[PDB]
Amino acid sequence: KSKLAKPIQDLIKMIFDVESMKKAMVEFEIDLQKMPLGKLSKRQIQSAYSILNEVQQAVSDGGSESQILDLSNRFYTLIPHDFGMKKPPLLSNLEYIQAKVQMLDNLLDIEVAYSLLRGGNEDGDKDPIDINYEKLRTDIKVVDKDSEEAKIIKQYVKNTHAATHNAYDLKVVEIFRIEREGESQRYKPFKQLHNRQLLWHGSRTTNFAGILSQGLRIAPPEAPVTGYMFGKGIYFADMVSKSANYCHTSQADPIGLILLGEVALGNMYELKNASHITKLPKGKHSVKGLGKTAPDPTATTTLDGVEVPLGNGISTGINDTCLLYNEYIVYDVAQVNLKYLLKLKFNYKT
Ligand SMILES: Cc1cccc2c1CCNC2=O
């Protein structure tokens with residue numbers, strides 16, 4: 001049997017659940033009959049990004065309608081969709097194209113999960129759970145619910161739940177201390193930076209086997225820079241509320257997973273509006289979208305030298321901003337070191 005603690009077993013089963021992978025795909029409107037989980041390949045996804053990049057360019061620059069039609073046909077042939085009894089929409093709307101770029105970001109992690117699942121599982125001297133856990137190459141440990149470490153993190157969850165997102169409550173079910181293989185080493189150079197904070201990162205449960213094995217990553221070269229508000233970086237938040245929304249939970253499926261990573265921000269390039277950033281100004285290490293609400297800078301604490309903005313949501317002085325909450329973006333995969341993974345229970349007001 002499994003040597004792992006029970007919570008870790010339940011966590012592994014959850015991140016490797018095949019049924020959830022299909023639900024994700026059906027939600028993106030993929031045709032599961034023409035495109036089964038086993039047909040997904042990295043190459044296939046790369047090409048789809050490119051097609052999206054080209055069509056994005058034709059819409060922006062007023063390319064021929066014939067061009068947009070041809071690109072839409074090629075995309076739907078590469079990734080079969082099921083629109084039911086309705087006609088398939090063309091990739092001629094920048095918002096629909098953005099939705100599709102996001103679907104591909106998710107398919108990239110689902111593909112990693114399924115590949116690992118069907119990998120080397122022949123060993124009979126190990127429990128299936130134990131075998132899959134090892135495939136993550138991430139040391140996972142249960143954080144003691146009554147320790148200081150856990151107290152601080154629960155304070156961070158409770159105090160930073162935004163006002164406009166109170167359509168649900170959040171209960172911390174379990175906290176795991178995680179350490180991905182070799183991540184501490186690629187992150188070493190950044191301990192020399194100042195302004196290192198403990199920030200949030202939410203994602204679907206179907207993305208977690210990919211996140212744990214590959215770590216968080218920036219979209220590939222093929223993806224249009226336009227598919228993302230502040231360019232192709234890695235996004236984080238200081239309000240548990242903003243990140244929780246990216247968990248994509250519901251009343252029917254209330255358990256979400258969320259990350260706490262140490263991110264080396266250094267000198268932030270503060271922006272109040274979108275900017276499809278490519279190059280970063282000299283002397284800047286990250287981007288910070290300014291929001292109307294942020295944790296009370298008064299209550300900020302430290303946890304092993306890292307700033308934890310656990311203060312209550314207070315209104316910042318800035319008004320000429322499009323954002324409601326702050327967003328933090330780093331453009332280097334080595335600028336983040338994952339620390340904790342929390343199992344959250346979304347209680348929806350009914
Ligand atoms: C866009 C954005 C801002 C802040 C946090 C997140 C995101 C999307 C990815 N996951 C997040 O938690």
# chains A, B, ... in the order shown; residues from 1 in each chain; ligands from 1

call {"tool": "residues_near_ligand", "arguments": {"ligand": "ligand 1", "cutoff": "10 Å", "atoms": "only C-alpha atoms and all ligand atoms", "output": "JSON, numbers by chain"}}
result
{"A": [199, 200, 201, 202, 203, 204, 228, 229, 230, 233, 234, 235, 236, 237, 238, 239, 240, 241, 242, 243, 244, 245, 246, 247, 258, 259, 260, 289, 325, 326, 327, 328, 329]}

call {"tool": "residues_around", "arguments": {"residues": "residue A:210", "least_positions_apart": "6", "cutoff": "9 Å", "atoms": "only C-alpha atoms", "output": "list in words"}}
result
residues 108, 109, 110, 111, 112, 113, 136 and 216 of chain A

call {"tool": "write_last_selection", "arguments": {"atoms": "N, CA and C atoms", "output": "short mmCIF file (atom, residue, chain, number, x, y, z; two decimals), in the first residue's frame"}}
result
data_model
loop_
_atom_site.label_atom_id
_atom_site.label_comp_id
_atom_site.auth_asym_id
_atom_site.auth_seq_id
_atom_site.Cartn_x
_atom_site.Cartn_y
_atom_site.Cartn_z
N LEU A 108 -2.02 22.41 -22.51
CA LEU A 108 -0.59 22.14 -22.33
C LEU A 108 -0.29 21.41 -21.01
N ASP A 109 -1.06 21.74 -19.98
CA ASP A 109 -0.88 21.09 -18.69
C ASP A 109 -1.66 19.77 -18.63
N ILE A 110 -2.81 19.70 -19.31
CA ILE A 110 -3.58 18.47 -19.31
C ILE A 110 -2.78 17.41 -20.05
N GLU A 111 -2.16 17.80 -21.16
CA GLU A 111 -1.36 16.86 -21.93
C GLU A 111 -0.24 16.27 -21.06
N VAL A 112 0.40 17.10 -20.23
CA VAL A 112 1.48 16.62 -19.35
C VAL A 112 0.92 15.59 -18.35
N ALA A 113 -0.22 15.92 -17.75
CA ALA A 113 -0.87 15.03 -16.79
C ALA A 113 -1.20 13.64 -17.35
N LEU A 136 5.92 13.24 -9.97
CA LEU A 136 5.85 14.68 -9.82
C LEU A 136 7.20 15.31 -9.48
N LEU A 216 5.77 26.49 -12.78
CA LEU A 216 4.96 27.49 -13.48
C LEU A 216 5.80 27.94 -14.64
#

call {"tool": "residues_around", "arguments": {"residues": "residue A:308", "least_positions_apart": "3", "cutoff": "8 Å", "atoms": "only C-alpha atoms", "output": "PDB file with N, CA and C atoms, in the first residue's frame"}}
result
ATOM      1  N   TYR A 156      -3.678  35.104   6.162  1.00  0.00           N
ATOM      2  CA  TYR A 156      -3.516  35.615   4.801  1.00  0.00           C
ATOM      3  C   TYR A 156      -4.756  35.293   3.972  1.00  0.00           C
ATOM      4  N   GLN A 197       8.226  38.653  -2.123  1.00  0.00           N
ATOM      5  CA  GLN A 197       6.939  38.469  -1.458  1.00  0.00           C
ATOM      6  C   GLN A 197       6.323  37.083  -1.630  1.00  0.00           C
ATOM      7  N   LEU A 198       5.416  36.724  -0.706  1.00  0.00           N
ATOM      8  CA  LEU A 198       4.695  35.449  -0.724  1.00  0.00           C
ATOM      9  C   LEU A 198       3.352  35.765  -1.375  1.00  0.00           C
ATOM     10  N   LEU A 199       3.208  35.374  -2.643  1.00  0.00           N
ATOM     11  CA  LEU A 199       2.012  35.662  -3.429  1.00  0.00           C
ATOM     12  C   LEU A 199       1.203  34.452  -3.865  1.00  0.00           C
ATOM     13  N   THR A 300       1.621  44.036   7.123  1.00  0.00           N
ATOM     14  CA  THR A 300       2.573  43.161   6.440  1.00  0.00           C
ATOM     15  C   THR A 300       3.564  42.496   7.390  1.00  0.00           C
ATOM     16  N   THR A 301       3.715  41.175   7.281  1.00  0.00           N
ATOM     17  CA  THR A 301       4.642  40.401   8.116  1.00  0.00           C
ATOM     18  C   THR A 301       5.696  39.742   7.245  1.00  0.00           C
ATOM     19  N   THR A 302       6.553  38.988   7.911  1.00  0.00           N
ATOM     20  CA  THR A 302       7.651  38.276   7.302  1.00  0.00           C
ATOM     21  C   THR A 302       7.527  36.807   7.696  1.00  0.00           C
ATOM     22  N   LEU A 303       7.998  35.924   6.834  1.00  0.00           N
ATOM     23  CA  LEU A 303       7.954  34.494   7.100  1.00  0.00           C
ATOM     24  C   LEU A 303       9.207  33.998   6.417  1.00  0.00           C
TER      25      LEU A 303
END

call {"tool": "closest_atom_pairs", "arguments": {"of": "stretch 109-193 of chain A", "to": "stretch 344-349 of chain A", "cutoff": "7 Å", "atoms": "only C-alpha atoms", "output": "Markdown table"}}
result
| residue | atom | partner | partner_atom | distance |
| --- | --- | --- | --- | --- |
| A:167 | CA | A:349 | CA | 6.1 |
| A:168 | CA | A:348 | CA | 4.3 |
| A:169 | CA | A:347 | CA | 4.9 |
| A:170 | CA | A:346 | CA | 4.9 |
| A:171 | CA | A:345 | CA | 5.0 |
| A:172 | CA | A:344 | CA | 4.7 |
| A:173 | CA | A:344 | CA | 5.4 |

call {"tool": "write_last_selection", "arguments": {"atoms": "N, CA, C and O atoms", "output": "compact mmCIF listing (two decimals), in the first residue's frame"}}
result
# COMPACT_ATOMS: atom_id res chain seq x y z
N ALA A 167 -19.16 36.07 -2.95
CA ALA A 167 -20.23 35.29 -3.54
C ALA A 167 -19.97 33.86 -3.01
O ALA A 167 -20.66 32.91 -3.36
N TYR A 168 -18.92 33.74 -2.19
CA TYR A 168 -18.52 32.49 -1.59
C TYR A 168 -17.54 32.73 -0.44
O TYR A 168 -16.94 33.80 -0.33
N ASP A 169 -17.42 31.74 0.43
CA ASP A 169 -16.49 31.78 1.54
C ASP A 169 -15.39 30.81 1.16
O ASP A 169 -15.56 30.03 0.22
N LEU A 170 -14.32 30.82 1.93
CA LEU A 170 -13.19 29.96 1.65
C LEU A 170 -12.76 29.25 2.91
O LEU A 170 -12.59 29.89 3.95
N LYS A 171 -12.67 27.93 2.89
CA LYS A 171 -12.16 27.26 4.06
C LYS A 171 -10.90 26.53 3.63
O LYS A 171 -10.87 25.91 2.57
N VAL A 172 -9.85 26.68 4.42
CA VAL A 172 -8.60 26.01 4.14
C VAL A 172 -8.76 24.60 4.68
O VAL A 172 -8.88 24.40 5.88
N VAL A 173 -8.81 23.62 3.78
CA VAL A 173 -8.96 22.21 4.14
C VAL A 173 -7.62 21.57 4.53
O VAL A 173 -7.55 20.78 5.47

call {"tool": "residues_around", "arguments": {"residues": "residue A:125", "least_positions_apart": "4", "cutoff": "12 Å", "atoms": "only C-alpha atoms", "output": "count of residues only"}}
result
7

call {"tool": "atom_distance", "arguments": {"atom1": "atom CA of residue A:319", "atom2": "atom CA of residue A:270"}}
result
13.9 Å

call {"tool": "closest_residue", "arguments": {"among": "A:292, A:100, A:343, A:232", "to": "residue A:163", "atoms": "only C-alpha atoms"}}
result
A:292

call {"tool": "residues_around", "arguments": {"residues": "residue A:333", "least_positions_apart": "4", "cutoff": "10 Å", "atoms": "only C-alpha atoms", "output": "PyMOL selection string"}}
result
chain A and resi 183+186-187+215-218+233-234+337

call {"tool": "closest_residue", "arguments": {"among": "A:287, A:174, A:61, A:158", "to": "residue A:10", "atoms": "only C-alpha atoms"}}
result
A:174

call {"tool": "closest_residue", "arguments": {"among": "A:332, A:181, A:122, A:29", "to": "residue A:88", "atoms": "only C-alpha atoms"}}
result
A:29

call {"tool": "select_by_dssp", "arguments": {"residues": "stretch 36-285 of chain A", "states": "strand (DSSP E or B)", "output": "ChimeraX atom specification"}}
result
/A:81,138-142,168-180,196-202,234-237,255-264,268-271

call {"tool": "closest_residue", "arguments": {"among": "A:225, A:323, A:280, A:274", "to": "residue A:98", "atoms": "only C-alpha atoms"}}
result
A:225

call {"tool": "closest_residue", "arguments": {"among": "A:223, A:12, A:66, A:20", "to": "residue A:253", "atoms": "only C-alpha atoms"}}
result
A:20

call {"tool": "closest_residue", "arguments": {"among": "A:37, A:90, A:30, A:162", "to": "residue A:78", "atoms": "only C-alpha atoms"}}
result
A:30

call {"tool": "select_by_dssp", "arguments": {"residues": "stretch 176-330 of chain A", "states": "alpha helix (DSSP H)", "output": "list in words"}}
result
residues 183, 184, 185, 186, 187, 208, 209, 210, 211, 212, 213, 214, 240, 241, 242, 243 and 244 of chain A

call {"tool": "residues_around", "arguments": {"residues": "residue A:106", "least_positions_apart": "6", "cutoff": "9 Å", "atoms": "only C-alpha atoms", "output": "PDB file with N, CA and C atoms, in the first residue's frame"}}
result
ATOM      1  N   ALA A  24     -12.884  19.323 -18.184  1.00  0.00           N
ATOM      2  CA  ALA A  24     -12.169  20.549 -18.587  1.00  0.00           C
ATOM      3  C   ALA A  24     -12.286  20.745 -20.101  1.00  0.00           C
ATOM      4  N   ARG A 204      -6.786  25.633 -12.386  1.00  0.00           N
ATOM      5  CA  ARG A 204      -7.685  24.467 -12.313  1.00  0.00           C
ATOM      6  C   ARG A 204      -6.942  23.273 -11.752  1.00  0.00           C
ATOM      7  N   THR A 206      -6.873  20.405 -12.811  1.00  0.00           N
ATOM      8  CA  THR A 206      -6.374  19.644 -13.963  1.00  0.00           C
ATOM      9  C   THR A 206      -4.994  20.092 -14.435  1.00  0.00           C
ATOM     10  N   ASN A 207      -4.549  21.243 -13.934  1.00  0.00           N
ATOM     11  CA  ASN A 207      -3.251  21.814 -14.302  1.00  0.00           C
ATOM     12  C   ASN A 207      -2.131  21.482 -13.356  1.00  0.00           C
TER      13      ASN A 207
END

call {"tool": "residues_around", "arguments": {"residues": "residue A:50", "least_positions_apart": "5", "cutoff": "9 Å", "atoms": "only C-alpha atoms", "output": "PyMOL selection string"}}
result
chain A and resi 45+55+221-224
